[PDB]
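Visitor: Mind looking over this structure? Questions follow.
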Amino acid sequence: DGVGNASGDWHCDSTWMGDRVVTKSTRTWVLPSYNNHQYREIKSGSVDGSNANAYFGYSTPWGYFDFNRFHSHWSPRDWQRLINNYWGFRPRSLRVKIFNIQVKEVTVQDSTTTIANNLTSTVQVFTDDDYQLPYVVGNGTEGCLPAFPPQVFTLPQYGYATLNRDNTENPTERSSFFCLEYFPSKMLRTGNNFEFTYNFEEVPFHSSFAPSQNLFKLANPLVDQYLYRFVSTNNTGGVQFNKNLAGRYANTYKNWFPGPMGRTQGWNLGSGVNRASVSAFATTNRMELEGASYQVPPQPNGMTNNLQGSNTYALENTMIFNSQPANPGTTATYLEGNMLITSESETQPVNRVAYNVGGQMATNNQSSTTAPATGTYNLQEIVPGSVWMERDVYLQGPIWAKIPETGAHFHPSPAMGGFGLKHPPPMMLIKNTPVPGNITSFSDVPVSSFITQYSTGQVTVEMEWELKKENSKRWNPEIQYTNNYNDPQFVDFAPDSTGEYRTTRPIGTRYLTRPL
Amino acid sequence: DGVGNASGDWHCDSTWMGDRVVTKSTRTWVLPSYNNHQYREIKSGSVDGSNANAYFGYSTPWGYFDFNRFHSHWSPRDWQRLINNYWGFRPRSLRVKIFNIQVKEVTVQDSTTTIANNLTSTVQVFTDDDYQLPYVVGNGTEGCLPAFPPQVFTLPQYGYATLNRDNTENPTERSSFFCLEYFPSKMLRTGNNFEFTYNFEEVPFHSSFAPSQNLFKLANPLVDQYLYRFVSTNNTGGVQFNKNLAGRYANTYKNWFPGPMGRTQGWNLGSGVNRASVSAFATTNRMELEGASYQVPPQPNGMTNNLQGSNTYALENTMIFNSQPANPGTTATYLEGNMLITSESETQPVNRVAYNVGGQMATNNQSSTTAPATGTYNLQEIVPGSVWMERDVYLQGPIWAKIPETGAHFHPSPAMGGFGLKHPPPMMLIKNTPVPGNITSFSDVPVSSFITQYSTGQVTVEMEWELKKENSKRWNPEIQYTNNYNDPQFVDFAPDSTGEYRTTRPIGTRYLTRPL
Amino acid sequence: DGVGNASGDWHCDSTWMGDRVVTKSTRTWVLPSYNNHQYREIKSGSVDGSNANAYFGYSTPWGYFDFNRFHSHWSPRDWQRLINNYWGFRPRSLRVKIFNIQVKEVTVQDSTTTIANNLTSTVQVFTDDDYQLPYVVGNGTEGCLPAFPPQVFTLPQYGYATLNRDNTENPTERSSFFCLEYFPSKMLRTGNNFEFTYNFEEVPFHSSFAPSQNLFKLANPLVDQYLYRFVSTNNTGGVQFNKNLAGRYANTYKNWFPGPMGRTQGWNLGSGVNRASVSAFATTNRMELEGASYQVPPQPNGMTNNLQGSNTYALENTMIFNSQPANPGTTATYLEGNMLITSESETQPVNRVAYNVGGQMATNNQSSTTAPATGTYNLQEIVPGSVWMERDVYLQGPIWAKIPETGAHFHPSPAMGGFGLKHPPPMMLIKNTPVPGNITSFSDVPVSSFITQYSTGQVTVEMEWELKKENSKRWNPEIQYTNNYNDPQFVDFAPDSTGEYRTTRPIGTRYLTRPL
Ligand code: NA
Ligand code: NA
Ligand code: NA
Ligand code: NA
Ligand code: NA
Ligand code: NA
Ligand code: NA
Ligand code: NA
Ligand code: NA
């Protein structure tokens, strides 16, 4: 309504009400006027010897709002609270509000560089509710709301990648260009604000519990089966079998089978033992798409890295986050120390080991002359009677991802973990309306010189989650996430002398135990 | 109400009413007071050279009611009746009742060992309706209701297996212990009884019919296709094709594809021909889970063993039951004779042969210098346009199995055949309340000496099944299960001189024929 | 109603409903017919060189029901659940039921010793609702309901201690004798049962949280005080002062003062360092009552043992429980290992160190000739502006205790921790009605020979607790009780191979953090 009046109050809070909890988090932000208010055609030929890095696309002046990161909404304890006493959760509804828009104009004379605000200028927000733009938000890229309410953050620029021709930079006749100014968008001078309201589609509860039974040894030990297994051949080519018995769990008919597997090699950590001076890329797991070899991280789930105990990890199949945020374009080498590496060990009983072969099966036809032989297999895909656990979500991990448009998706859980959404939280685009510099002469060609200015405002995301009440009959105490350190010299998830937020370790959600 | 009065009448019966039939079967049972009313920690290190047999779990004083075995509810003829004129069936509802509880106390002096009944003592029944305990019943273990109403049977002890550490006996911090006395349970002295009422979740009709068409040669022979296939290359590297024609069924575009396959080797039976003195285990098919190789029986369905005709069987992929019940802990070798072995030949046209390679595909890129080459594959998993038949259920086979708790199950049919249930018939636990011996001095430590006593009562299971009315236009008579023997010297499915129930052969359900 | 019918169903369960949770636990029990149905005058002269052990009292045939022990109602996890996410709790209501009474009669011929049940005999239960009997239950004695539902336990005999004359065994004219048969009590043959209903008086929530601020350094560091302190004297006897400043927390006016203290000496544990071959008794803390020195355990709270970190413990001031139950009358020496020792370190910031002096104050009057002097004090009692935390309750610790009858109690929290109740859960007395042997001749003297018989039945205690919802604004994750072990070789709070319940460690309730 007026320049003087606050566009909105500041809400940050967690409200636990029965079976559902709602998280409101508000933060402050800056929007540079990227690209000086013009689109740039952007492309890249193969780099580091890989045509897989070749792409053709565009860069826009628009910045976008990303909150698809659990820790944007959850405080550490709140996370803890959720992960220690709940069997699952899914996000039901979401509402966003952008306010307190303040736009500033900077002018530099002889390197003076002063910042003063014009009140006249506007900002533009619109939400792509019909998913007509490329959806960038699903793919684990920087720029989400901080995990720490205080810290101010700068909005990521919006750019998308269309299809390359022939793993060269060049475009193809099918490649398309999207203009963001084609959608109608609200324009906000300082008095005004934006409110976004949303309702999540129905998705299965993320299963935040670990199996207390091993899949194969489901059957009670006490009683033998009524089925028998082939065991040997008498001296004449005659078949003989024995009863499956009691405890033995190797030779017992099974009803259900582990998850889809594809070996990705295991590397030791800590004490370790790894091969020396090794170039990782040649031996990484990959999928060939459009005649180029692409690395696939988080090899599609149905597998596990680490067994608890031993340090070996399926690095190809694993989620790794920096301890602290770092910078754009960094090429610096990182040792194990800095990294927050994650173990899928909790999901190990249901899931298969990623650095072991998946099993073996007979490779020959037996005969009088010739004995039976078997062959191990490094990759078993999906089968009926399958059963597995999808990868755990982390306080630091992403929340959801958009399902690609195609005729079919096999049942889909983002390989990076989270909620597979057909219709996910809409792209939220915002840009600073351009203000022309001093233009004194008319031309047909478009204006090229602009006043340089950026915007800053606050934004609040309010989310509603539904919970699966914990209900177990387990007698003894379950393991839970404890803030347990010995001889600490600083708090975890807390500012330091310098003032920066410190996060020591990643946090899964699997602590509670459910028998199969 | 009173010691003298019967807690319940005896119901055994089959009622066929239109499209649905209800089976009531009642039997008699004994419940030993296992473990002298205490839990035992039970574990096993690797045996027979396999860490797969390593497990950590517990044994309870509770016995359980298992009826998950088709022949508990169906008399032979009734089975027959169902299998010869129906295209499918699923269980809609179930109701159970336990009554006529009689508890007896045995005392032995100088080896006298007398049995007299105390009327004062109780028994405990409760049903785990919320699936909070490990579900043992799904996994084809002994102790179900007899197939023969007269025979008295002893209730299986309840024990479950939690997760092992490192394929050693030892437990893990995630391993959980369940106390059965934590659930509230009805206590029954002799006058009282138990009634259980249940409603099955909706499941697809088990398809009890065999295809009368071969999958690939679906198209009518009379007419050629309007598509053509590449056939050869002219002397210059030039492509040439011919019309697909008429009857030929090898080279004709196909819309649908066979089921998932994984070779498990074939062994001859009867006349046979098998390799001599062979140790089966090295060459068995297996899956690696938690860093141990486990054998998987009934290799997940989508495959067949036997083609009719020839005796070769996919033993790894097959269902084998003893002819007669046998004993706990038996290690005796069994020849073919005793076994009731099953052929999935009826499902052969839709399904793939288990001891053959699944097919072949090109393994090289053709060039002027270099000719095209192909490679057979021993394991093909799931694909779009797939189609297969799940394994047939047997009078002797199990009915249902519980789906494991995880984020996803690919469409699941118990590998052992039956109905995949998310929420299956609840574990039914019963135990004898302990009666202290003579205790004359107080101690803080728990009482250790008990009166020795066991319980016996009857129980009835009443089930309602829905049927898919047979409706075919097949002119000529279909094959049906006939009780056909030549020169019989005893009846089948009938007592003998000794008094024991004799079952000669297994009985599938596929007899009726449905064109695709 | 009838011998045959169950007097009551078995309820064991924990129901969490919003702000209040209700715990139902049911167990089995035995009641020996103590004393052959007669009272015994019992007394003791000084033993182990202490007249403090001298007492005069009586022993009854009655056994009593004790559940005043947290772990009787809480399963491990349930405890956990409560202690990790709640700021407090108090018991609002309680209801008890005794049923399934079974009375047995034992006869021995030539050492045969058979147990058969007579159905005719009765049992007697009554509750002393008017607190007219000596209340024994408050004082941490054996015989409470087991922590493990399965285990059967024997009811403690009821005996009370009246006043001794002169620290000799002999009675005094003021000493009184209570006859339990004077109260009217329900008599129960096997068909019948007992129901007890109760409502707790209003008591402050047990504060289950640890202070995140140190009492003395409450004031913010950033700002100095506006008060100044005397610091020195100029060379002439002149007073000079400095401003209290900033961070310094030693010399800053304080509003609130630590808790009441009385030094009890500190002993090292683990690595330790303690004096060798030491007789503990001479140097133990004590209070003189009726001209005898009595040891006081749990020296009245307002103090702490242990500071976290260092192993030294105020053993006199500490709660120690055996790892496993042990036996009546044991004199066996116990090393540290067996013991579950407790640290009040969480309450350390508010509370005072027990093995340090409490402080110091000036002991002289300063003059020109003579400098000021100070003296440490080993015991400071209560003062206005006091503030402290009462000792934490343990899964293994007792729940409540009865306040003694006198004109005044200073604000009272059982020194053993728990709820100080003016009117606590009534003594629940039960005894087996005596059955005369064969008496063939009349006498005036009371019958002396009885049939020997004992009773066994189940009992259920149902409690309702109110909770203080956790509500904190602490950003970083709080510490919580985790079931965290490394290289476990058995589960904790779970049966072992032998069948006995294993409890490794004690569990406080202070995990959550509240700033002052
Ligand atoms: Na730029
Ligand atoms: Na929607
Ligand atoms: Na670095
Ligand atoms: Na046994
Ligand atoms: Na149901
Ligand atoms: Na044999
Ligand atoms: Na006695
Ligand atoms: Na009262
Ligand atoms: Na000892």
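Residue names in the structure tokens use chain letters A, B, ... in the order shown, residue numbers from 1 in each chain, and ligand numbers from 1 in the order shown.
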Determine which residues of chain C sit within 8 Å of chain B, taking into account only C-alpha atoms, and present them as a PyMOL selection string.

Guide: chain C and resi 2-6+8-13+30+32-33+102+106+112+115+117+142-143+146+149-157+190+325-328+454+456+483-491+494-499

Visitor: Determine, counting only C-alpha atoms, which protein, DNA and RNA residues have an atom within 7 Å of an atom of range 465-472 of chain B; residues of the same chain fewer than 5 positions away are not included. Present the result as a PyMOL selection string.

Guide: chain B and resi 19-22+85-92

Visitor: Restricting the output to N, CA and C atoms, write the selected residues as a compact mmCIF listing (two decimals), in the first residue's frame.

Guide:
```txt
# COMPACT_ATOMS: atom_id res chain seq x y z
N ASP B 19 -21.38 -67.94 -7.30
CA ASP B 19 -20.07 -67.46 -7.73
C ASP B 19 -19.03 -67.51 -6.61
N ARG B 20 -19.48 -67.74 -5.38
CA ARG B 20 -18.56 -67.81 -4.25
C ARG B 20 -18.80 -69.06 -3.41
N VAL B 21 -17.71 -69.61 -2.87
CA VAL B 21 -17.78 -70.79 -2.02
C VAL B 21 -17.08 -70.54 -0.69
N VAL B 22 -17.63 -71.10 0.38
CA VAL B 22 -17.05 -70.93 1.71
C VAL B 22 -16.60 -72.27 2.31
N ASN B 85 -13.46 -76.53 -13.23
CA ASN B 85 -14.51 -75.70 -13.82
C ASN B 85 -14.46 -74.22 -13.47
N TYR B 86 -13.33 -73.74 -12.97
CA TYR B 86 -13.23 -72.33 -12.62
C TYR B 86 -11.96 -71.68 -13.15
N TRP B 87 -12.09 -70.43 -13.58
CA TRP B 87 -11.00 -69.71 -14.22
C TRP B 87 -10.16 -68.92 -13.24
N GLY B 88 -10.60 -68.87 -11.99
CA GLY B 88 -9.87 -68.13 -10.98
C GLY B 88 -10.61 -68.06 -9.67
N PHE B 89 -9.91 -67.55 -8.66
CA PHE B 89 -10.48 -67.44 -7.33
C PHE B 89 -9.56 -66.63 -6.44
N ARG B 90 -10.16 -65.95 -5.48
CA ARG B 90 -9.42 -65.20 -4.48
C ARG B 90 -10.22 -65.29 -3.18
N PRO B 91 -9.52 -65.23 -2.04
CA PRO B 91 -10.18 -65.31 -0.74
C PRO B 91 -10.70 -63.95 -0.30
N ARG B 92 -12.01 -63.82 -0.11
CA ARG B 92 -12.58 -62.54 0.30
C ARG B 92 -12.54 -62.32 1.80
```

Visitor: Please provide as a PyMOL selection string all residues within 6 Å of residue 7 in chain B, with the sequence filter that same-chain residues fewer than 5 positions apart are discarded (counting only C-alpha atoms).

Guide: chain B and resi 99-100+193

Visitor: So how far away is CA of residue 511 in chain A from CA of residue 505 in chain C, in Å?

Guide: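 That distance, rounded to one decimal, is 20.5 Å.
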
Visitor: Around ligand 8, out to 12 Å and counting only C-alpha atoms and all ligand atoms, which residues are there? I want them as number ranges by chain.

Guide: C: 92-94, 129-131, 197-203, 421-426

Visitor: Taking a cut-off of 9 Å and counting only C-alpha atoms and all ligand atoms, can you build a table that, for each residue of chain B near ligand 6, reports the nearest atom pair and how far apart they are in Å (one decimal), sorted by chain then residue number, as JSON lines?

Guide:
```
{"residue": "B:332", "atom": "CA", "partner": "ligand 6", "partner_atom_place_in_ligand_line": "1 (Na)", "distance": 6.1}
{"residue": "B:333", "atom": "CA", "partner": "ligand 6", "partner_atom_place_in_ligand_line": "1 (Na)", "distance": 6.1}
{"residue": "B:334", "atom": "CA", "partner": "ligand 6", "partner_atom_place_in_ligand_line": "1 (Na)", "distance": 5.3}
{"residue": "B:335", "atom": "CA", "partner": "ligand 6", "partner_atom_place_in_ligand_line": "1 (Na)", "distance": 7.3}
{"residue": "B:338", "atom": "CA", "partner": "ligand 6", "partner_atom_place_in_ligand_line": "1 (Na)", "distance": 7.6}
```

Visitor: Select, from A:116, A:250, A:133, A:210, the residue with the minimum atom-to-atom distance to residue 54 in chain B, counting only C-alpha atoms.

Guide: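 Comparing A:116, A:250, A:133, A:210 against residue 54 in chain B, the winner is A:250.
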
Visitor: Could you give me, as a ChimeraX atom specification, each residue of range 201-359 of chain C that DSSP assigns to strand (DSSP E) when run on this structure's backbone?

Guide: /C:206-207,210-211,228-234,238-243,261-262,266-267,286-289,292-295,303-304,313-314,320-322,339-341,352-353,359

Visitor: Tell me, as a list in words, which residues lie within 9 Å of residue 418 in chain C, counting only C-alpha atoms; anything in the same chain fewer than 5 positions away does not count.

Guide: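 Final neighbour list, sorted by chain and number: residues 206, 390, 391, 392, 393, 397, 398, 399, 400, 401 and 413 of chain C.
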
Visitor: Take the selection from the previous step and output its residues with C-alpha atoms, as a JSON list (two decimals), in the first residue's frame.

Guide:
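The resulting part.json:
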```
[["chain", "number", "residue", "atom", "x", "y", "z"],
["C", 206, "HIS", "CA", 9.21, -33.73, 37.75],
["C", 390, "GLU", "CA", 16.05, -32.44, 42.88],
["C", 391, "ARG", "CA", 17.61, -35.75, 41.88],
["C", 392, "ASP", "CA", 16.61, -37.40, 38.61],
["C", 393, "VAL", "CA", 14.34, -40.46, 38.54],
["C", 397, "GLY", "CA", 14.35, -45.80, 40.33],
["C", 398, "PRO", "CA", 11.26, -45.51, 42.58],
["C", 399, "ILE", "CA", 8.24, -43.34, 41.72],
["C", 400, "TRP", "CA", 6.92, -41.80, 44.93],
["C", 401, "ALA", "CA", 7.26, -41.89, 48.70],
["C", 413, "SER", "CA", 11.17, -34.15, 47.63]]
```

Visitor: List as number ranges by chain the protein and nucleic acid residues near residue 147 in chain A, meaning an atom at most 12 Å away when only C-alpha atoms are counted, but skip any in the same chain fewer than 3 places from it.

Guide: A: 12, 25-27, 67-76, 79, 143-144, 150-153, 324-325, 395-397, 493-495, 500-503; C: 475-476

Visitor: Extract, using only C-alpha atoms, all DNA, RNA and protein residues at most 6 Å from residue 266 in chain B, discarding same-chain residues fewer than 2 positions from it, and format them as a ChimeraX atom specification.

Guide: /B:312-314,355

Visitor: Which neighbours of residue 269 in chain B fall inside 9 Å, counting only C-alpha atoms, when residues of the same chain fewer than 6 positions from it are skipped, and could you give them as a list in words?

Guide: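 Near neighbours after the sequence-gap exclusion: residues 238 and 239 of chain A; 310, 311, 312, 313 and 336 of chain B.
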
Visitor: Can you work out which one of B:77, B:36, B:18, B:350 has the shortest atom-to-atom distance to residue 449 in chain B, counting only C-alpha atoms?

Guide: B:36

Visitor: Any idea what the distance is between CA of residue 316 in chain A and CA of residue 302 in chain A?

Guide: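 Going from CA of residue 316 in chain A over to CA of residue 302 in chain A, I get 13.8 Å.
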